[PDB]
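The data below hold one chain only, encoded as structure tokens and taken in the form deposited in one PDB entry.
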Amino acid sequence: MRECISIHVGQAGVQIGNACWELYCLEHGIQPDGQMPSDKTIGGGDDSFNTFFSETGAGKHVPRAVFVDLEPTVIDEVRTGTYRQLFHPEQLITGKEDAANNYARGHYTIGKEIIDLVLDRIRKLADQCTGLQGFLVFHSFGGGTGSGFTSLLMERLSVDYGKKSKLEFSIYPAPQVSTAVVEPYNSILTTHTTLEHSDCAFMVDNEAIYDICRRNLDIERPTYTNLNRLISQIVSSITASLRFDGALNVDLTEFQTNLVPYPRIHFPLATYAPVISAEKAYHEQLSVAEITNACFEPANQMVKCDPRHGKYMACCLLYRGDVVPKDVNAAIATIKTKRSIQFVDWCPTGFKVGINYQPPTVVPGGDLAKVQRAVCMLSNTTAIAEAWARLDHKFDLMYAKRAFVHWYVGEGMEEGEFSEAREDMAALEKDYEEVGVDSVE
């Protein structure tokens, strides 16, 4: 059946994972102990759908996910928290030492000694599946585990399973904000290895979500929880067509056919427009014409790039709730009338649509309002080429002086792995310039 395996890698992936599983349990009615009271309420009904959880005879619902870190700190809070009786206790920790912001320690040195145990549970998870779709990988660029461990895992999964969707949900690096001096290296080296092996890579930046939580929700002291709780809704919109019913279903194997023209240009963005507080939930109609326009304005992107400096190639639009299709056709007509939103000449259509009837669920203790309708937008632009240059320009400076390279060489790397990885990203800058060129014949 329609099945997906989630893999949470490093601190960001695991914390975002926590957020995601607190949201998956409430939509379906699973208590944190893994039980369902609906088993007593109505007999013979699927609410804890088999796409995200496996069932037992005792009426438990155990999630199809694997968390891995290299340090026991972040995953020791799942064993000592509310959701301790939900996950299979084989939550992979390689405690010993983490990657400490080094790609090499997460690839070979400390990255090994735990990957075989990771793929064994990934086999036990897939063998339980009656025909699976793909894998959801949640990690961050910049950290030593989120980059290295993921790049190693992605390459093995490319041999074992092969023709399966490998979708990534990654935290891309901000241009100004940062929490490390080695995010450029750990990004450029992850790209060189997770580009021939990924199928689609959804990007989010922390700076883009801070400005939303300030402007849209009136929060001037936001934390990582108020940040992960939007990332939960974005994954829920993607994963709703497998769980809940709707008119136009959109499975996971459709994205990579919709949003990836070429096999190297598969770096789309994300945005979730109706980010509203309870006070501004009123004074608002919250119609499709407002939301869809809100998904195309730069002040509501979850990545800090101005799409008016580029051209859209493709755009998926996944609606949730009370939504009639005509209200989508008219909205897309309006968006196509405008001259700011500019498309390539080789894609007049440039719109995939999906609709699902189940509206979102409001988490208790949240900053999001209850909504009759919600929308996501997974777009592919050339404006990303103006971010990959920045991360490259930083790479151009430090590597000129060979700073923070002793630490990589010291854990099984070469000087030539940087030049080979930096030359692969200078080609991905030329491709995004080719796709934007006017065609002729």
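Between two forms, the rigid core is defined as the largest C-alpha subset superposing within 1.5 Å. Shifts are known only where both forms have a C-alpha. Note that residue numbering begins at 1 and tracks the sequence as displayed.
As for the form deposited in another entry, it is not shown, yet the points below apply to it.
Enquirer: With the core superposed, find the residue in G81, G95, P89, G365 that moves its CA 2 Å or more between the shown form and the other one.
Expert: That would be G95.
Enquirer: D46: with the rigid core matched between the shown form and the other one, does its Cα shift 2 Å or more?
Expert: It does, since the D46 C-alpha is displaced 2 Å or more between the shown form and the other one after the core fit.
Enquirer: Do the C-alpha atoms of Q133 and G45 sit closer or farther apart in the other entry than they do here, given a shift of 3 Å or more?
Expert: Pair moves closer in the other entry.
Enquirer: Thinking of the 3 angstroms or more shift, are the C-alphas of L26 and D46 brought closer or pushed farther apart in the other entry than in this view?
Expert: Result: farther.
Enquirer: Tell me, which consecutive runs of three or more residues change place between the shown form and the other one by 2 Å or more at the CA, with the core overlaid?
Expert: Runs 38-48, 91-95 stand out as displaced between the shown form and the other one - each at least 3 residues long.
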